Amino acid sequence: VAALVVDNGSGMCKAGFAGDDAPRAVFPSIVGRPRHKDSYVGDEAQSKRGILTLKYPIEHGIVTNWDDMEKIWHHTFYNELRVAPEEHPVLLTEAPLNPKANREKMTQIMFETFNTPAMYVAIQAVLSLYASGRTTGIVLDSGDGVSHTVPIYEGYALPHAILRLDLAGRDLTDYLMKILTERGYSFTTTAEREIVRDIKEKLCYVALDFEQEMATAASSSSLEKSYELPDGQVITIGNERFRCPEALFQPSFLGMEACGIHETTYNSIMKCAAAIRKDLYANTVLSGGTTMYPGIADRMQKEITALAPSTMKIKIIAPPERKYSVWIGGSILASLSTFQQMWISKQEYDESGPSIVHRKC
């Protein structure tokens, strides 16, 4: 029997089958309910925004409402993938430092509600490393809800060196929504944030030299690009293209006191052993949709070289498919024969219970 692979994100959920080079299904992690069907999941919830109140079960990478989470999986299995979970082993994912209770609950649901023959929970950042074909290296995983810098050593993360940064795609979307009012536009509603998101994903890019791009945008209109809204309207944006993702390197733009992703990566490396630091600098992997900004890789090395020893050779890895590298790593892992002895059988769960996740994973 073929194994399933489900990567649950704060904003988007990617599901498919192990062996495939990509997920077969990709939809927002949202649940809409009316004001007493009783629930809607996926794009269907967004199309019916007017009737429903939409909410996110995963927030900042952590599950916050298991009633809604249980529905996302029910939708993932029967609607999106169209399969029976009781005849498919499921490989799920989770964020670093995931609360133990959520580890248990994720297991409890898979066996009691869906009756999976077996399952496994992998760290997302660790899967991203597999997809890049490595066992050692540091992974910057930046999605919609949260950004993590996770150092890995021979397939194992280093819990003490992991740093969490609550600065991800959503914050950038909101930042773009706000700076666009400098040109005279008005994007405030929760429906408009979804519109401005698509503007961000398609027109934003990281500037290698920020102020040399500001001077350029000031001395010319060569950088200005146009976007047609869903209502047929059209808007042009200039420096807002690269000013938005700049918040990653300068959270002060969002009135945020946190450090930049460049410095957060450095700090994370500077919490490991002095010896291994080298392998990390040479294997800095970028994961998640919020690392898809053009020029982000060619910006990162410049930012960390100023922080790193000049003698050490730094190499940044930005796979062209780094938007699904987490799921891909899951596909690779769940397909290996040498991994088949690492699943959590129904037997092991019946014996030990939900707490089994802590020793197996």
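Start at 1 and count along the sequence shown; that's the residue number.
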| said: If you average the CA temperature factors as listed in the entry, which stretch comes out higher, 310-318 or 55-63? | reply: 310-318
| field | Segment of higher mean CA temperature factor, 94-102 or 79-87 | value | 79-87
| query | Reading the B-factor column of the entry, which of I199, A258, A168, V126 has the highest value at its C-alpha atom? | reply | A258
| message | Among the choices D144, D174, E228, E213, identify the one whose CA B-factor in the record is greatest. | response | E213
| query | If you rank every modelled residue in this chain by C-alpha B factor, which third holds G184: lowest, middle or highest? | reply | lowest
| task | Determine, from the deposited record, the chain-internal third of the Cα B-factor for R24: lowest, middle or highest. | result | middle
| request: Report the third (lowest, middle or highest) to which the CA temperature factor of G330 belongs, ranking only the modelled residues of the same chain. | output: lowest
| query | What third of its chain's C-alpha B-factors does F242 belong to: lowest, middle or highest? | reply | lowest
| message | Going by the CA temperature factor in the PDB record, which third of the chain does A274 belong to: lowest, middle or highest? | response | highest
